[PDB]
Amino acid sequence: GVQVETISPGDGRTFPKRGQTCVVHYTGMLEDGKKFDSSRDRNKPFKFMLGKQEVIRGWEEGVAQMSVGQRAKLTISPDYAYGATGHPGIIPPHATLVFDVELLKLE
């Protein structure tokens, strides 16, 4: 599944709804391993639409329980991430992923 652990609290009131654009900064890391991606390094936030199957299941259910301004550690099991096949050349089979996610704004 997905485990959400708060780093910094949000407003505890403004949660994304299905169909909204979430604007986030993230850092992705293989559990007890190597960092693979970060939007912070690129000085440019990532945007996606909740409920439109644009991101892995762990992100869909993880970000949905976050309020605006919240920063949280998301721990995602393989079946909620890339599963048995992984992501070719980057993510191995059966990888547990950890993400540092901050919810910047909704659009």
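The term rigid core refers to the most C-alpha atoms you can superpose between the two forms while keeping them within 1.5 Å. When you see a residue number, it is the position in the sequence shown, counting from 1.
- Displacement analysis by core superposition in 4 other deposited structures of this protein ranks 33-41 above the other of 33-41 and 50-58 in root-mean-square C-alpha distance from the shown form.
- Relative to the shown model and aligned on the rigid core, the C-alphas in 4 other deposited structures of this protein deviate most, among 15-23 and 87-95, for 87-95.
- Per the PDB record, of the two stretches 47-55 and 69-77, 47-55 carries the greater mean B-factor over its C-alpha atoms.
- Higher mean CA temperature factor, per the PDB entry, when comparing 96-104 with 2-10: 2-10.
- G33: CA B factor lies in the highest third for its chain, per the PDB record.
- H25 sits in the lowest third of its chain by CA B factor, as recorded in the PDB entry.
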